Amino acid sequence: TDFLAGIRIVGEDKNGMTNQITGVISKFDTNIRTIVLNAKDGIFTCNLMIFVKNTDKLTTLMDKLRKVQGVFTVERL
């Protein structure tokens, strides 16, 4: 019942942004499949592919990511 889901995060690259984002994703109950993260010229972008048990897990993770300082948007791909 687990399925592959994608999430895109965009924000400003300030105050250890990347460490916080990677910390949240790694600690969460999900199986990371792919990460394409770049932080240059003050902007942060990250496309994540993960295996999730259900939609509740996916939306919960997206909600946590939105609370990280500097994040503009978190959208499902």
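Position 1 is the first residue in the sequence shown; the rest follow in order.
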Residue range whose averaged C-alpha B-factor is higher in the record, 12 to 20 or 51 to 59: 12 to 20
Comparing 66 to 74 with 1 to 9, the one whose average Cα B-factor in the PDB entry is higher: 1 to 9
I43 CA temperature factor, ranked by third within the chain: middle
Third of the chain's Cα B-factor distribution that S26 belongs to, per the entry: middle
